[PDB]
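To keep things clear, I will list the structure first and then write my remarks on it.
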C-alpha cells in the first residue's frame, strides 16, 4: 500500500518496501502520482518504469500500490471518444484543464461520470435467475446506431438478487447485485479488463465471409474476409469506415506525426454515412486512439493493446469490428526503446528478440468467434495493420515478421505511384491466403468468379515476362498471341485496377458490378485467343492490328464500364448494360469472320 | 570508383544484392542478344 | 558484442555487492 | 524411481522478465521442470535454467505477468522434461507441450522417454536404400527421396509450401510393387493454417497414419523449441522400437530458429552471427540427425524440413546451416506460383543427393534414372529457347526450337501441375514422363541409353 | 513558495570524467540543478543524473578540471532547470545556457517556464492552413511552407546552408495581400566564423527587432548544446501560445545536437543503438520537433526549419532517417549545384513538402500556384533526363522538341533557382518569374496545367 | 462429372469424420476404466486409515521421508484432528532415528492450531521453521505420484502387450 522511492535513474524508478508487489501491476509514483509499471522485483525492492516524465521525483516519495495491471475501462461512453494509448480521454482533459497541454499525472476518468444513460434490462432475468460470465443483462441506447449491450465480466457467476429498474443511470451506481455461494458482490455499468489478457470466447469459427472493401482491386484479386488480418505497406482505411460491412471502427495511430494526427481529428466529425436514407456522422460508430511521437514511449507501445481490447469488447456484443492499427512500425520503435532501457540483448538490428512474439500476440486476437454468453451471438474483429518500412523492403525485422503472421498482404510500392494510378497496387508481391476459405462463398453466391480470377491474375503475369523484352527489343518480331496479352492486359490496367477516390463513380465499387466488369474482359480475351489460333493456318490469317481498327467502338464500351456510376444508376441497371454489351461482343467478332 | 557510396547497414545490403542481381539479368539479355544477332550474322556470311 | 558483454559484468558487480 | 515427495518453495528472490529466481533450494537439478502456482490460482509451468548452490533460476513458459515474491508457490518435480509415448497416439492432435486438443483423452504411456534424445551410433547406421513415395510428381519423378534422407523444402512467405506439406502427408507411403506413419510437427503456425492442418488430415481419411503436433504462433516461444523434440522422440519410438517407416515433416524450421533466438536472448546470452545463437549449428543438428536407418531393426526415419527464406536469401544462416547438414533441397519457386501452377516446384535448382540410390530396378523401376535426367536436360534447353524466342521471334525459330517450346508447355501443365488431391503414384509419374518424351524422336534423346529406349519409347 | 534554505554539501565522493557523485545527500530530486563552487574561487553548474538512496550523481556542465573530493561545495537548489522567459527578449543574443552575450542585462522574466515543456494535446491541434513565405524562390514557388509545419533543410559539410538560413531569417514573413511575426534562431555547435556571421548579419540589415538568437559555439561545453534547442522552443512556445505570434524556429546544425546527445549518453555508460546514437534518440528528436503546429483557441503558430548535415552525402544516416520520420518534407541543398556556382543550390527533384496543398491557392497566394509548381517540376525532371541521356548516347540524336527541355533547364537554373543572397522575392514575383519560364514551351506542350487556368495566366 | 466427383468426396468426409470419433470414443472408454481404477485405489487406501496397527507403521515412513527431504533445524508437522497421536507417536520414534542417520539436531513439533482438512485420506505435511518450504506427504499426493510413474506397467498388465513393439531400448 505504501512504498518509497529509493532512487530514480532516468525513466526507471527503484522503489523499496514493496514486498508483495506483482509484476506488471500499476503504481502511482511520486507526489504528482505518475503512473508506473513494475517490471523487475529483487527481493523486496521493485524496479518501476514510469509512464510519464520523471523530472522532479525525489527519493522518499510515496508509491501507491494498486492491485491491478494496465487495464482499460469498458462500458457505455466509448463510441466517439478520443482516447490515448493508456486511455486518457483527450476531449475532456482539454475541458477540465482548459489548456493545450497534457499535464503530468492527470487522473481523469476514461468514461464520463456525469452522463445519464438509459438502462434497459434484458427482460429475461429476474430476482433469482442464473447468470454466468458473458450473459447480457442490459441494453444502453448509446446513440442511434449502437445498441450498447451491457455484459457480465468473465469469471463471474451466480444468482441475481437485485436488478436495476429501467430508467436513466450514471456509470457509477450499482446496477447488478448477484450472489455467488455465500458472498454478495456489486456490479457497476462499466467493467475493467487488462489489455494484455485475451478476452475469452467459446470457440473460434472460421473466417468465411468476405470483408467487402469498397474497391475493385483488393476485393477481386486479393480478397480479405471478416476475421482476417491484412497489411498495408488513408484511402484504403477511410473507404472501410463509410461503406464496409463493419459496425464498429477502431482507429489506432501508435506514433504518428502531430500534424497528420491533427488531420484525422479534423476530418472524421465531418464524415457522413448512409444507413436508411438518413445521413449520420460516422463518429457514432468509431472510437479513436490518439497518440503522437511527443507522447510517452510507454503509452505508445500500450496503444496497440488498448486498441485491440477495445476492439474485442464490441465483438462480444455481436458486432463485426474492424480495427485499423496505423503505423505498426512506429509501435515497434516503441519496443526498441523499452528494451534498451531494460538492458535487454537485441537480436536483429536493435529490435528485441521477441518482436514476432508480441506481434503474433496482437494479430492473433482477430477472427470470427462464437461469443461468450447466452443468446448465441456471433461477432468478429478484423485487424488492418500498416507497416512503414525504411524505404520499401522486407529486410527490416518489422515488415518481415509481419508477413510471417498475417494472411493478406496488400503490397504497395513507391515506384508504382507516379503513374497517377492511385492506389499504388503492385500485384506481384501482394497476396491473399483467403482464397481457399472463400471457395464456398464464390461457388455458391457467385458460381463463376474463381476461373475468371484465375485467368485475370495470369494475364497480368504474362505481361510482366514480356515487358522486359518489349522494352529492349520493342514489338518488332513478336507472336500475335502475345499482342493480345499486352492490349487486353493493358485494358485491365487502366479500366479494372485503376481508381480515383474522390470521384462520383469510384468511391464505392459493388461486387456484382465488380464481377460484371470482369465477365466481359475475360470473354474478350478468350475470344481474341480462339480467333487467332483457329485462323493461324487456314486462309486469311489475321493479326491484332486488323481487329482494333475494325472494333474501335467495341473497345469504347469495354473502356466505359468504370465510368458508369454505381450510385445514381439502378441495381439492375448495370448488369443488363453488361449483358447487352456481351451480345455486342459475341456478334462483333462474327462481323470479322 | 572502387565502391558505390552507401553506408553499411542491413537494408543497404539487400539493395546492393538486388542491383547486382538486377544487373545480371540485363547482361543475360545482352549476352544472348549479341549472339542472336551473331546467329543472323553468320548466315549473311553464309549467303 | 563487447558492449552487450560489458554491461553484463557490471550487473554482476552490482549483485556481488548484495 | 522418484518416490520421494516434492518440495514446494515460496522463497522467490526476484522476477526479471521471464525469469523467476528462487533461493534456499535443496539440491536443484539442471533443466528440471517446476510447476508455479500464482496468487489467484493460475498454474504455470517452467524449466530450471541455472543452479548455483542454493539458488535456481526458473524460466516460466507462460510469462511472469502476475508473480509476486511473497505469495507464489513453486513446486519442483525432481525429474526432467519427458514425453509419454504410445503407439495409439497415431491419430491424435497434440499441441506444443504435448496436450491433446482434439477433445481426446490423455495418452496412456507405453514409455517415458527423455525428449532430448541420445545420438545414434555412427557405426550402427545403414545407407538409405528404398523409396518414400510422396505423390507429388515434381519430387518423386525427378527429386526422389530415399528412406532416411533429410531433404528440406525451400520456400518463402506467401508461397504455398504449407499446402505442399499437407499434400505430402495425405499421400505419403511406400513404393508398392502396415509399417508407415507420419509425424507432422507444425511450429509457429497461425490459427487459420492450424485449422487447415487439423481439418484436412482428419476428413481426408488418413488421420490414422499421422500424429499431429500443432504449435501455434501465439503460444509461448519456449514451447516451439520442445515441439520438434516431442515429434522426433515419438518418431524414434514408432520407428526404432515398433519397426515402422516414419516420415517426419517439420513445418517452418525458420520459425523454430526465431523462437530459439528469442529463448536464447531471454536466457541472458550474447548473440552470435546475424543475431542467432553461436550454437545454432549444433542445435539444428540435434534435430536433423535424428534420422536414417539403423542396423538390426526394420524401421527408418526420413525427415522433410521446410524453410522460409527471408527476402529469398540463401546466405541467411537458417538456409545456410540447413543446406550444410541436410542432403539437397526442393526449391518451391515464386515465378511458378504467379503463373498459377500447383505445386510450384522448381526443377532446375532442386536436387536430391541420395536420389541415385532410391531409384532403379527392384526399388522403383528400371528407367527411373534415365527418364529423370532426360526430362532435366529438355527442361533446361527449353527454358533457354523460352527466353530466346522473345529475342528473335517465332518466325526465326526452326523445327528444333519448336519441339522444345511445345514440350515446355506440356511439362509444366502435366508433369509439374498436379492439383491438390491427385495422388500420382510413381508408376504413373513415369508414364506421364514418357508421353512428354515422345514429342521428340529417338534421334534426339541423348541422355537415355539405347537399351531402354527400345523397351519404353514405342507405346 | 520555495522558502527552505538550500544545503551546500561538501561530500564529493568521486569524480569520473564530467560526472561527480556525492554522498549523504538528503532527499535528492531528479534533474535538479546544483551550483558547484571550485576551491580556487570559481563556480560551475550541474544537473543531477541519478539518485540512489542518499547518493546523487551530478553532471557538471562547464568541465571538471580542479574538482577535488575535499574542498568543492555543491549547493542543491531543489528545483528543475527553468529558464527566464519574457517578450522583450526579441532583440537579444543569449548563449547556449541562457546567459546574455550582447553585453546587456540578464532577462527580466515574465514567468519562469520549464524547458522540458509540456506535450501538446492532439485534441487541441489544428491543421496548418496558410503559408510562411521565405523569400527564396525554390522554397516558396515549389516547396511551399505552411504555418505550423516542420520541414528540414538537409545539406552537407561545405554547402551554403548557413547563408540560406540567414537569408530565411531576414526575409521570412507573411504572404501579405508584421508585429506578430518573430524568428527564434538557435545555432548549436557552430564555429566562430559562423556565429560572428549570424551576429553581423542581423545588425547589418536591421532585422533584429523580431529575432532572438541563441548562439552556442563548438568550444562551448557539450551539455549547453543539449539544452539549447529547449531554450529556443520554450521561447517559441511562449511567443506563439501565450503572446499570439507566428514564430519560425531555425535550428542550425541539428546533426551536432545528435553528436552531443551521443556524447552525454556515452558518459553515463549507456547502451548505444543504431550506429552509436542512443536507443532513445527517436523520442528525443521528437521531443524537439513536436513542439510545433497551430493550436485551437490561440492565434499563434510555430513553424520549424531544422538544418542538418548528412555525413558524406548519405541520406541513410540515422539523423536524416529519423528526422524524416517525424517531420514533413525535405529541401536537399545539393553539392552538384554548388560546384557549378548556383545560389541557393536547392535540389527540387528530391525535395518535398507534404503539406503544400494547405498553403497555396485562393486566399493564400493565388489560384495558379498548384499548377505552375508541378509543371516546372515536370519540365525540370524531363530536362534532367535529356542531359543524362545525351551524354551516354551522343549529341546528334536530339530532335527539335528535345533541345527545348534543355533551354528550360538552363533558364530554370539561372532565373528561378539562382537568387543572390540579398534579393527578397515575394511569392507573387516567384510565380511571375515562373510564368515567363513556362512560355518557353508552347501551349500544346503544357499538359500538367489545366485549360481554365491556361486561358487566364499564360498569354502575354 | 464435376458434381459427381464432388459428392463422392462428400461421401468420404462423412465416413472419415465418423471413423475419427470412433477412435476417440474408444480411447475415452479406455481412459474411464483407468480413472475409475484409481477411484478404487482411493477407496482401498482409506480402508487402511481405519486401521491403526497397519497405519502407525506407515506414518513412521511418511514423516521420516519428509524430515529427510527438508533437513532444516526446525520443522513443523501438520496432520488431521483425530490423527494427532498416530502422528505424535510417529514423530517421537523418528527424532533419534533421524539423529543417528544425519548427524543433525532438530526441533520438530506438531502444529496444534492449523489442521489438514478432514476430507483428505491421511498422511501429513511437513513445513520448515517459518512455513516457507513445505513437503506434501499426504496419502492422496502420494498415490498421485506413484500411479503416474506406474502407467506403463499398469497398461502392460491390463490391456496386454503392444502387438508391434519388438524392442524396448
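Protein chains in written order, with the deposited numbering: chain A, 17 to 249, 257 to 616; chain B, 4 to 50; chain C, 199 to 216; chain D, 39 to 215, 225 to 506; chain E, 39 to 215, 224 to 506; chain F, 58 to 226. Heads up, the beta-carbon is just placed ideally off N, CA and C, and yes, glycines get one too.
Asked                                                                                                                             : Found
Under 8 Å between C-beta atoms of residue 207 of chain D and residue 257 of chain D                                               : yes
Spatial neighbours of residue 547 of chain A in its chain, beta-carbon cut-off 7 Å, leaving aside the 5 residues before and after : 511, 581 and 608
Closest Cα partner of residue 212 of chain D within the set D/155, D/294 and D/140                                                : D/294
Cβ separation of residue 209 of chain A and residue 332 of chain A, assumed to be a contact under 8 Å, to the nearest whole Å     : 6 Å
Contact check, residue 135 of chain F vs residue 173 of chain F, beta carbons under 8 Å                                           : yes
Three CB pairs or more closer than 8 Å across the stretch 458-474 of chain D and the stretch 371-390 of chain D                   : yes
Exposed unless 16 or more other CB atoms sit within 10 angstroms - verdict on residue 205 of chain F                              : exposed
Proximal residues, the stretch 290-321 of chain E versus chain B, C-beta separation under 9 Å                                     : 320 and 321
The stretch 182-192 of chain E touching the stretch 159-174 of chain E, judged by at least three CB pairs closer than 8 Å         : yes
Cutoff 8 Å: residue 358 of chain D Cβ touching any chain B Cβ                                                                     : yes
Bridge-paired residues (DSSP) for residue 99 of chain A                                                                           : A/312
Same chain only: Cβ atoms within 8 Å of residue 499 of chain E, ignoring 5 sequence neighbours per side                           : 413, 414 and 417
Member of A/96, A/369 and A/599 whose CA lies at the smallest distance from the CA of residue 203 of chain C                      : A/369
Residue 183 of chain F: first and last residue of the uninterrupted alpha helix (DSSP H) it sits in                               : It is not in any alpha helix (DSSP H) - residue 183 of chain F instead sits in the beta strand (DSSP E) that spans 180-184.
Residues, ordered as in the chain, of the stretch 19-53 of chain A that lie near chain E by beta-carbon distance below 8 Å        : 22, 23, 24, 25, 26 and 30
Coarse secondary structure for residue 276 of chain A, derived from DSSP in three states                                          : strand
Cα-Cα separation, residue 58 of chain A to residue 59 of chain D                                                                  : 9 Å
Touching by the beta-carbon criterion (3+ pairs, under 8 Å), the stretch 117-124 of chain F and the stretch 151-159 of chain F    : yes
Interfacial residues, the stretch 395-416 of chain A to chain E, with Cβ spacing under 9 Å                                        : 411, 413 and 414
Three CB pairs or more closer than 8 Å across the stretch 334-343 of chain A and the stretch 297-304 of chain A                   : no
Residue-level contact to chain D via CB, residue 132 of chain F, 8 Å cutoff                                                       : no
Assigned exposure category for residue 64 of chain F - 16 Cβ within 10 Å defines buried                                           : exposed
Any chain C beta carbon closer than 8 Å to residue 368 of chain A                                                                 : yes
Cβ of residue 80 of chain F within 8 Å of any chain D Cβ                                                                          : yes
8 Å Cβ cutoff met for residue 87 of chain E and residue 314 of chain E                                                            : yes
Burial state of residue 255 of chain A (16 or more Cβ within 10 Å)                                                                : No atoms are given for residue 255 of chain A, which sits in the stretch of chain A between 249 and 257 that the model skips.
Rounded straight-line distance, which links the Cα of residue 84 of chain D to that of residue 209 of chain C                     : 24 Å
Exposed unless 16 or more other CB atoms sit within 10 angstroms - verdict on residue 356 of chain A                              : buried
Whole-Å CB distance - residue 106 of chain F paired with residue 112 of chain F, under 8 Å assumed                                : 6 Å
For residue 400 of chain D, the three-state DSSP class (helix, strand or coil)                                                    : coil
Within-8 Å CB hit, residue 208 of chain C to chain D                                                                              : no
Under the three-state DSSP convention, the category residue 347 of chain D falls into                                             : strand
Same chain, Cβ closer than 6 Å to residue 201 of chain E, neighbours up to 5 away in sequence not counted                         : 467
Chain D contact for residue 549 of chain A (CB, 8 Å cutoff)                                                                       : no
Closer than 9 Å at the beta carbon, the chain A residues around residue 205 of chain C                                            : 366
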